[PDB]
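Given as structure tokens, the chain that follows is alone and in the form deposited in one PDB entry.
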């Protein structure tokens, strides 16, 4: 009932902006940064500047230790801001300073308060270099000590989904959108009950990550749109391990007012059949008027090990 999405650092705050622009519902947004100037560019209702003393608003200089210590200075304000949450999503681009460093501390504060804590983060594009990958690897492992499940999106695989010619700015804009899909794919099912009923317990069921959780997405229009979206999702480059390996699968089928009963059963079957015969599968369905001929299938896969 109280669901918070907390964007952490530049990339995380940009994802939260995307979510706000797509008018994702049922969540309260918090933006967090060590850089006061970038924080001023956030559309989140709540704008939290961490490490005022340590950084004087000037950011974390790509250093995870400064992000970590900024969040420790601001420990009590983060506690305050997260008070009363049943569920907390922590999004960030891993590899920089504020995200890598502060997102785990924020995740752990969420968890200590009793919130169901899901992380949705990206691993950096190879083209950002070896130093970024290494800092990201470090933050990813810290993060999964601090959350109930960590969805890790490998940015390289986005290049296999967007066109050959894509400058950086645009590549990073599609990373905002995959982050948004990871959060929304879950939150949409929980914010409002749904025609398929789906409570917190259903979600806690699959919310058990040792191992990085992975996500697949599939979009389609036309007359076989259901099977084509389902198939694309279980086939997404973002899903770096076959879905048949996962202990847990959450499926979200989203469409417009003409999403059909037969399509929901079709997609549910395609995804279930590609999965292990002993899988714990929970799924839901949501209507989004803004979609017309388009359906979106999202699969979140957990418990690979």
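Just so we're on the same page, rigid core means the largest C-alpha set that superposes within 1.5 Å between forms. Positions refer to the first chain, counted from 1.
The same protein also has a form deposited in another entry, omitted here; what follows describes it.
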item	value
Rigid-core-referenced C-alpha movement of 2 Å or more between this form and the one not shown, selected from 171, 161, 113, 196	196
Residue 212 C-alpha moves between this form and the one not shown by 2 Å or more, core aligned	yes
Pairwise C-alpha change, residue 197 versus residue 183, in the other form against this form - closer or farther, 3 angstroms or more	closer
Inter-Cα distance between residue 299 and residue 209 in the other form, nearer or further [3 Å or more]	farther
